[PDB]
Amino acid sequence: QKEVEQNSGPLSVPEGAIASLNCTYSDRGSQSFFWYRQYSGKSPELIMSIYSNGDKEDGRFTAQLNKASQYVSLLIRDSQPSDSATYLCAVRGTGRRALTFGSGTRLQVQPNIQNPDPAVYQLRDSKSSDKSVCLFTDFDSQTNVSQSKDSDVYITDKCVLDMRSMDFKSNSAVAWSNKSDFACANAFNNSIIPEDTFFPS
C-alpha cells in the first residue's frame, strides 16, 4: 500500500483552463508537503512547499493543503502547453528526514487550434536516406495519433510546436518507413484522422 497516492494520468487540460492535480497521503502526522515538476529526461524542480491548512499562491500556481481530509492539491491557472510535465507530490512523514515521493501525474496541456488545416505532407532526404517520411500537421488537439501495427513503420506521438514570434502553435506527428507499400496516403491508417485531411499530389 502506497503512502503518497497520485493518479498517473495523463490528465489532458485545454490551454487557458485551470489544471487540478491532487495527492493523498496515509500519514496524518505528516508536517511537510511539496509539488515538484519534472520535464521528460530532466530533474525535479520545486513548484510549491506547503505546511499550513489553506492556500499558498506563487504566480499561476496554488497549492491547497487540508490535513483533516489528508489531501494536497496543485492548481495551475492559465495552463500553457509548456506546463506539460510529470508533477510529483512529496510528503515528509512523522519523524522522517527524507521526503516520500508519489509516482507522479503526467499533465498534458492541449493547444487551442484556432483554424485546423489537417494535412499529411511528404519530405525527401536533404542528402540520402532509404526513409520516406510523412508529416501529419495542423490537426485539432482532439485528434489522437496511434502507433502503427505495420512492422517497419514508425509513427511518433503528436507533438506541440510553438512559433512564438508568430503567436502560432501546431500539432504534428511523423511517420516513416523504407517499405515499398508505405505511402503518405496510408501511413496514418491506424489513427482516426479528419475526413477533409489534405493529401497533396
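So that there is no doubt, residue numbering starts at 1 and follows the sequence shown.
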So 190-198 or 4-12, which one's hotter by mean CA B-factor in the entry? 190-198
So 151-159 or 164-172, which one's hotter by mean CA B-factor in the entry? 164-172
With respect to the C-alpha temperature factors reported in the PDB entry, which of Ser103, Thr100, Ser126, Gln108 ranks highest? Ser126
Selection from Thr86, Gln80, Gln114, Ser73 [criterion: highest C-alpha temperature factor in the record]: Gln114
For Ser132, the third of its chain by CA B-factor is the highest
Chain-relative C-alpha B factor for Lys67 (record values, thirds): the middle
Which third, lowest, middle or highest, does the CA B-factor of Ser177 fall in along this chain? middle
When the deposited Cα B-factors of this chain's modelled residues are ordered and cut into thirds, is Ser52 in the lowest, the middle or the highest one? highest
Splitting the chain's C-alpha B-factors into thirds, which one does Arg37 fall into? lowest
